[PDB]
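So you can see what is in the structure, the chains are spelled out below.
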Amino acid sequence: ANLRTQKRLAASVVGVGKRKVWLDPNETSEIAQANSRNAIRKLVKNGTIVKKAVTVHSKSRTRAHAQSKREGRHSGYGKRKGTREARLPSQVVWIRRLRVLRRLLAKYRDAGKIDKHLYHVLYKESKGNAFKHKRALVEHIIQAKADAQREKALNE
Amino acid sequence: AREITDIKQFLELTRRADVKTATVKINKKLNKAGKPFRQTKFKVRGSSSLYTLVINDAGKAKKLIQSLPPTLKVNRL
Amino acid sequence: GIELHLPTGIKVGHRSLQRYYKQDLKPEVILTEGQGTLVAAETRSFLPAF
Amino acid sequence: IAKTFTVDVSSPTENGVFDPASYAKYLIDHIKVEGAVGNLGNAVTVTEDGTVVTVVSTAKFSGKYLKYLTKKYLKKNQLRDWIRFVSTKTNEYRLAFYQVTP
Amino acid sequence: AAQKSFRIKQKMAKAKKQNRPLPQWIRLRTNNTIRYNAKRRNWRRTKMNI
RNA sequence: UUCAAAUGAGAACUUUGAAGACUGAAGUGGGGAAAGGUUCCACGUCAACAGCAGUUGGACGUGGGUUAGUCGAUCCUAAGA
RNA sequence: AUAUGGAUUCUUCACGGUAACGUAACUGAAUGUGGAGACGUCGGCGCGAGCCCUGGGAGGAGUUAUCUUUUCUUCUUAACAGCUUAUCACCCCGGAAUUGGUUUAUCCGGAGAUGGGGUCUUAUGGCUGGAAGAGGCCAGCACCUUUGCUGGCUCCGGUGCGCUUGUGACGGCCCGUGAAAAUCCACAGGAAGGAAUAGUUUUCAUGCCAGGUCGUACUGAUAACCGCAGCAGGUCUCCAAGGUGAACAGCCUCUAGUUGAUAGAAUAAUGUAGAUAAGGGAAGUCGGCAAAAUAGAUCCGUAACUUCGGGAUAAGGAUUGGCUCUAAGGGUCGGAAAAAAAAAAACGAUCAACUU
Ligand SMILES: [Mg+2]
Ligand SMILES: [Mg+2]
Ligand SMILES: [Mg+2]
Ligand SMILES: [Mg+2]
Ligand SMILES: [Mg+2]
Ligand SMILES: [Mg+2]
Ligand SMILES: [Mg+2]
Ligand SMILES: [Mg+2]
Ligand SMILES: [Mg+2]
Ligand SMILES: [Mg+2]
Ligand SMILES: [Mg+2]
Ligand SMILES: [Mg+2]
Ligand SMILES: [Mg+2]
Ligand SMILES: [Mg+2]
Ligand SMILES: [Mg+2]
Ligand SMILES: [Mg+2]
Ligand SMILES: [Mg+2]
Ligand SMILES: [Mg+2]
Ligand SMILES: [Mg+2]
Ligand SMILES: [Mg+2]
Ligand SMILES: [Mg+2]
Ligand SMILES: [Mg+2]
Ligand SMILES: [Mg+2]
Ligand SMILES: [Mg+2]
Ligand SMILES: [Mg+2]
Ligand SMILES: [Mg+2]
Ligand SMILES: [Mg+2]
Ligand SMILES: [Mg+2]
Ligand SMILES: [Mg+2]
Ligand SMILES: [Mg+2]
Ligand SMILES: [Mg+2]
Ligand SMILES: [Mg+2]
Ligand SMILES: [Mg+2]
Ligand SMILES: [Mg+2]
Ligand SMILES: [Mg+2]
Ligand SMILES: [Mg+2]
Ligand SMILES: [Mg+2]
Ligand SMILES: [Mg+2]
Ligand SMILES: [Mg+2]
Ligand SMILES: [Mg+2]
Ligand SMILES: [Mg+2]
Ligand SMILES: [Mg+2]
Ligand SMILES: [Mg+2]
Ligand SMILES: [Mg+2]
Ligand SMILES: [Mg+2]
Ligand SMILES: [Mg+2]
């Protein structure tokens, strides 16, 4: 009983690797009759030939580790390898910050929250790194509005 | 290949002299309100292309199956 | 551990054998009287061609 | 928005291996609604006539969940290997035997 | 090669028929000196050089 | 690497099941180019060959197999002849 | 090859739109002109595809003394076709200094910006057809050289400095500016050609026929090729999962694939490869040869010299796990008879990343 043929077939027919195929060891006489891709298909549906289950790879350990990770778990120096830059490029950090600063400055000019002349300055004042983050901008804005209102109330 | 829209225009196609066969397919789908209904596609094989009319309304569907030329071969499902 | 004998007089199976269950197998070879007759009548014994 | 799941306990019960009351007692206590157990707020009700068990749920719940609790309670009582949770139609479920021989 | 000018593939054919064993009725022809085919060639040992 | 079974005159080495392992996607995976030329695949087989063995084989014997208006060549020019 | 329908014409070779252009069409020889074919390399950015991750749901498998709304897995959609969809670009209105718009990257504007309203390329995506009838996942029936049959379910989302890759508009580089031809199209041109009882037309729709020759198996290498061989050598290329980590590094696994390199019994010398050593610390040797020490990241600190750019990671210090916290960093939307057999009837909300 040499089954190397029928095992090569079943693999192609059941549409899976040779290593996942299973031939019933007690039907050995039976399977030896197969010899044809058609024959085999009886044997698959019949149940005497079977597809083994994919061996299990669970991600559960990593899920758990990434879950804790996003609680800010192991960021400690000892857990770092690449440089600060290699982790999170400065250029990306910059680009993110400006975009936010500009979409802000945009939305304001179009809500009439600021005039054009004032805008044009904070665009230049922004590109030149005068604002750490989005709140710091709106602060200087609030200070510039209350600024031209102490020049207006004393010009009244 | 081509979906036909007009039903007065589809009915000319049904003759056209080059169309030997056609078919009526029945599907079970559900509308945007998530309710089960019956859709019907009229498939007609032209020489060089396939025309299919879609009717979601069941009534104008069932009656249009009587609107077919009797000479023309029809496969139900 | 193989089978379980229930109060209704019912033997229930084990899940470990699950594919010996779903596996159908060959039926008995059942000879017709025509064939049955002939087989018990046959004295020619063929191993050899050499 | 409430969905209705129903399990058929009939075949193992009348052959003597199963308790629809015990099984239903369990479901109530082990079902987690938006948190820990017992918390069913009249958002979930396990009711049983004895040939069928019925979960009616407004709260987050599924076939999977129900199969995971029922396949779990099976193990408690060692009726795993003698019985299997199986779906006849969507949300209409059945507890059955693998090989029944006379 | 797998993409071959016809002239090449035409050649390979000839080779395939020049390798088969001597026809076993020939050994019994009167005054025959030929024991077996000496011009046999095995794809592994001797290349044809086209 | 290990255990059982089948096969067989004969099993450390063949086939199946079980188990343990490794390549770890820049692979021991899936395809191709040049080159080879039937090695492909089945049946039968074990004299020589596979620096042990052999029931196995890219070995030996008998056969079967390669399907195009669209994938290539064919057409065009390059350095050149 | 050709026929029917459409379209054009008594204003013969169509009409609309201010325009960019539009459309189911709408004659066009000689000759001419223009386009495509047709193009480096690198950098970042935007968009897409596939993959990766991930929530809800419908199934099947696994584990369950104890815990886990749990772990694994199926839930897919081609060429081709219609309708729609873009950055760039261009058009009309209008007329800007209180200089404005704008990219990550500072370029743009009276040779007409911003703003208002449009036009196009269809790269790419979207909905529908193709097409669920296919494929996949489950529960079933019968049949053993018939072979199939029957049921269900194939659904709805999210996220990104992610990975490969396509592409776009950009920027950088050069005493280097990174093929050619077949082939097809448009245009200028007006030869020629033709209506009113009729004719033009095949760049519109539909219909009819034909598509020759040769290649096509398999290997592509720790056995199919070259090395005299089944030789640790040599030999161009595509696709590429999870974790750790800066990483296509190393180490572990998943899909697929192998488990083939003569075996058994003992464990002496000398070996080959790999290791460790008290005290000393190059006293060894032609010679610190060989080996050891150092190493990642973060924070501090960093000389002489110098072509002012370097030297420089100079030298030299300190920190690094686990756990619980704190703070900071965003998007979207709202202000003939008898018997027997057999057959049939300045807020608010909400959503979400990690990185310090
Ligand atoms: Mg920290
Ligand atoms: Mg990085
Ligand atoms: Mg920088
Ligand atoms: Mg020669
Ligand atoms: Mg061995
Ligand atoms: Mg490994
Ligand atoms: Mg191949
Ligand atoms: Mg072979
Ligand atoms: Mg053989
Ligand atoms: Mg030998
Ligand atoms: Mg021998
Ligand atoms: Mg041979
Ligand atoms: Mg044809
Ligand atoms: Mg071609
Ligand atoms: Mg050109
Ligand atoms: Mg399309
Ligand atoms: Mg669709
Ligand atoms: Mg589609
Ligand atoms: Mg189907
Ligand atoms: Mg889908
Ligand atoms: Mg991306
Ligand atoms: Mg590449
Ligand atoms: Mg091939
Ligand atoms: Mg390969
Ligand atoms: Mg080699
Ligand atoms: Mg060779
Ligand atoms: Mg040679
Ligand atoms: Mg790669
Ligand atoms: Mg990885
Ligand atoms: Mg990482
Ligand atoms: Mg890696
Ligand atoms: Mg290794
Ligand atoms: Mg292989
Ligand atoms: Mg082996
Ligand atoms: Mg060796
Ligand atoms: Mg001894
Ligand atoms: Mg020492
Ligand atoms: Mg010491
Ligand atoms: Mg010392
Ligand atoms: Mg000395
Ligand atoms: Mg000395
Ligand atoms: Mg020396
Ligand atoms: Mg050294
Ligand atoms: Mg120095
Ligand atoms: Mg230092
Ligand atoms: Mg600490």
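Residues numbered from 1 in each chain as written, not as in the entry; some residues may be left out. Chains lettered and ligands numbered in written order. Part of a larger assembly, values for the part shown. Heavy atoms only, no water. Residues with missing side-chain atoms left out of burial classes, pairs and counts.

As deposited, the entry is annotated with cryo-EM as its determination method and 3.41 Å as its resolution.

Observations regarding the protein's contact with RNA strand F
RNA strand F sits among 26 residues. The nearest are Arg4 and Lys7 of chain A together with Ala1, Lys16 and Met48 of chain E. Each atom of RNA strand F within 4 Å of the protein was assigned to sugar, phosphate or base; sugar and phosphate come to 74%. Note that a phosphate oxygen of RNA strand F is positioned 3.4 Å from one of the side-chain N or O atoms of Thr5 of chain A. Between RNA strand F and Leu23 of chain A there is a distance of 3.2 Å, counted from a sugar or linking oxygen to a backbone nitrogen or oxygen. If you list the elements that add at least two residues to the surface near RNA strand F, you get α1 (4–13) and β1 (21–23) of chain A together with α1 (6–18) of chain E. Tallying contributions element by element places α1 of chain A first for the surface near RNA strand F, with four residues. Looking at side-chain class alone, the surface near RNA strand F contains twelve nonpolar, five polar and nine charged residues. (Near = heavy atom within 4 Å. Polar contact = N/O pair within 3.5 Å; in protein donor to acceptor, adjacent residues only side chain to side chain. Helix = DSSP H or I, 4+ residues; strand = E, 2+ residues; numbered from the N terminus. Nonpolar A, V, L, I, M, F, W, Y, C, P; charged D, E, K, R; others polar.)

Observations concerning helix α7 (residues 116–127) of chain A
Note on helix geometry: an α-helix contains 3.6 residues per turn, so any two residues three or four positions apart are oriented the same way. Residue and element names in this part refer to chain A. With twelve residues, α7 extends 17 Å between its outermost C-alpha atoms, agreeing within 8% with the 16 Å of an ideal straight helix rising 1.5 Å per residue. Residues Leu118, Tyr119, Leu122 and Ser126 constitute the buried set of α7. Projection of α7 onto a plane perpendicular to its axis shows the buried side chains occupying an angular sector of 100°, all on one side. Away from the buried face of α7 by more than 90 degrees, exposed residues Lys116, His117, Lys124 and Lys127 are located. The inward-facing, buried residues of α7 contact α6 (90–110) and α8 (134–148). Between a side-chain oxygen at the N-terminus of α7 and the backbone nitrogen of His117 the separation is 2.8 Å; the capping residue is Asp115. Just beyond α7, the residue with positive phi is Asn129, at close to 60°. (Expected span 1.5 Å × (residues − 1). Buried < 20%, exposed > 50% of the residue type's maximum accessible area, 1.4 Å probe, protein only. Arc of directions from axis to C-beta. Contact = heavy atoms within 4.5 Å.)

What about the packing of aromatic side chains?
For the structure shown, the criterion picks out eleven aromatic pairs over all chains. Between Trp22 of chain A and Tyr20 of chain C the ring centres are 6.4 Å apart and the planes differ by 90°, which places this aromatic pair in the edge-to-face class. Residue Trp22 of chain A is located in strand β1, and its partner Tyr20 of chain C is located in helix α1 (residues 18–21); the two belong to separate chains. Look at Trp22 of chain A and you get buried, because its relative accessible area is 12%. The class for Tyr20 of chain C is partly exposed, based on a relative accessible area of 36%. Ring centres of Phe10 of chain B and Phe42 of chain B lie 6.1 Å apart, and the angle between their planes is 45°; on these two criteria the pair is classed as tilted. Note that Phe10 of chain B is positioned in helix α1 (residues 7–13) and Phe42 of chain B in strand β3 (residues 36–45), a separation of 32 residues in sequence. On the basis of relative accessible area, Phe10 of chain B is assigned to the buried category, the value being 2%. Taken together, the ring pairs connect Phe5, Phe61, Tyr65 and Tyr68 of chain D into an aromatic cluster. The ring of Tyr108 of chain A has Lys113 of chain A sitting right over it, with the charged end atom 5.6 Å from the ring centre. (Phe/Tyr/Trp six-rings, centres within 6.5 Å; stacked < 30°, edge-to-face > 60°. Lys NZ or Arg CZ within 6 Å of the ring centre and 35° of its normal.)

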